[PDB]
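*Asks:* Please read through the structure below; I'll follow up with questions.
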Amino acid sequence: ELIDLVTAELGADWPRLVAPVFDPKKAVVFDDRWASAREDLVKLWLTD
Amino acid sequence: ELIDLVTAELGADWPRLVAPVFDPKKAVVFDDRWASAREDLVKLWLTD
Amino acid sequence: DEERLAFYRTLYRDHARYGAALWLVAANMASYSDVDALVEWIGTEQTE
């Protein structure tokens with residue numbers, strides 16, 4: 001009754017359109033610039 | 001899981017706010033005018 | 001219910017004229033099931 005209530009009102013694919021994704025263990029930090037700076041100093045020597 | 005999904009997304013009282021009411025056995029027709037016309041003819045005589 | 005039924009009946013018998021008819025249904029205006037059932041009812045006939 002409740003699932004075909006939601007099917008008639010909102011939609012058939014409502015729980016997969018609305019399902020939560022967020023999880024704080026999967027956050028990605030990208031704060032390394034000194035290392036990529038040193039590698040770019042190298043490949044400036046490699047480029048002509 | 002599904003009911004507290006709907007509780008977190010839409011609301012706690014969502015099924016009672018959205019529940020269907022309509023039923024075709026409870027339709028009411030009011031097409032009698034000749035009878036009320038005759039009774040109004042009577043009460044025009046009763047009013048002074 | 002009884003209060004609204006008396007209200008709509010007195011409304012008809014006060015303001016009715018030539019060939020007027022008043023039909024009265026109980027339908028939630030926040031349910032797509034009720035809107036679809038209401039348009040099917042106004043569409044195809046009802047023979048009990």
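*Asks:* Treat each spin label as a single point 7 Å out from the Cα along the C-beta direction, and report the B:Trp34 to C:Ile42 distance in nm.
*Replies:* 2.9 nm
*Asks:* On to the next question. Would you mind classifying chain C by shape? Square roots of the alpha carbon gyration tensor eigenvalues, ordered a ≥ b ≥ c; an a/c under 1.5 is rounded, otherwise it is prolate if a/b is larger than b/c and oblate if not.
*Replies:* Oblate, because a/c is 1.5 or more while a/b does not exceed b/c.
*Asks:* Quick one: dipole size for chain B, taken about the Cα centre, charges +1 on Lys/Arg Cβ and -1 on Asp/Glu Cβ, in debye to the nearest 20.
*Replies:* Using Cβ point charges on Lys, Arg, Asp and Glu, chain B gives about 320 debye.
*Asks:* Between A:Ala27 and B:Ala12, how high is the FRET efficiency from 1/(1 + (r/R0)^6) when r is the Cβ-Cβ distance and R₀ = 22 Å? Nearest 0.05.
*Replies:* Working: r = 31 Å, r/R0 = 1.39.
Taking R0 as 22 Å, the efficiency between A:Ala27 and B:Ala12 is 0.10.
*Asks:* Of the peptides A:38-47, C:5-14, how do they stack up when ordered by the mean number of other Cβ atoms within 10 Å, highest first? Could you put the intermediate results ahead of the total?
*Replies:* Numbers: A:38-47: 7.9, C:5-14: 12.8.
Ranking the peptides A:38-47, C:5-14 by packing returns C:5-14, A:38-47.
*Asks:* How do the peptides A:7-17, C:25-35 rank, highest first, by the average count of neighbouring beta carbon atoms within 10 Å per residue?
*Replies:* Averaged packing, sorted descending, gives the order C:25-35, A:7-17.
*Asks:* Please list, or write none, the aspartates and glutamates whose alpha carbon is within less than 19 Å of the alpha carbon of B:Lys26, excluding same-chain residues fewer than 8 places away.
*Replies:* C:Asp1, C:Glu2, C:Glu3, C:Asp34, C:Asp36, C:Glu40, C:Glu45, C:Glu48
*Asks:* Treating chain A as a set of equal point scatterers at the Cα positions, no solvent, please give the Debye-formula log₁₀ I(q)/I(0) at q = 0.14, 0.19 Å⁻¹.
*Replies:* After summing over all Cα pairs, the log10 values are -0.61, -0.77.
*Asks:* Please average, across the residues of B:26-34, the number of beta carbons from any other chain that are within 10 Å of each residue's own beta carbon, and give a whole number. Don't jump to the answer; show the numbers that get you there.
*Replies:* Details: counts 4, 7, 9, 4, 12, 7, 5, 8, 0.
Mean number of neighbouring Cβ atoms from other chains: 6.
*Asks:* When the dipole is taken about the Cα centre of the protein assembly as shown, and only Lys, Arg (+1) and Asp, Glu (-1) are charged at their Cβ, what size is it in debye, to the nearest 20?
*Replies:* 340 debye
*Asks:* So, one more: Quick one: 3J(HN,Hα) in Hz for segment A:2-18, Karplus 6.51/-1.76/1.60 with θ = phi - 60°, rounded, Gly and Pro as x.
*Replies:* 6, 6, 7, 4, 5, 5, 6, 7, 8, x, 6, 9, 4, x, 7, 6, 10
*Asks:* Also: Using each residue's phi in segment B:36-48, evaluate 6.51 cos²θ - 1.76 cosθ + 1.60 at θ = phi - 60° and report the 3J(HN,Hα) Karplus result to the nearest Hz, with x for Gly and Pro.
*Replies:* 5, 5, 5, 5, 6, 4, 5, 6, 5, 5, 6, 6, 6
*Asks:* To the nearest whole number, what is the average tally of beta carbon atoms from other chains within 10 Å of the beta carbons of peptide C:10-23?
*Replies:* Values: counts 0, 1, 5, 8, 2, 0, 6, 1, 1, 2, 3, 5, 4, 5.
Per-residue shielding by partner chains comes out at 3.
Each reported figure results from applying straightforward, stated rules to the coordinates on display, with no laboratory input. Heads up, the Cβs are rebuilt from the backbone with ideal geometry, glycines too, and the neighbour counts pull from every protein chain shown.
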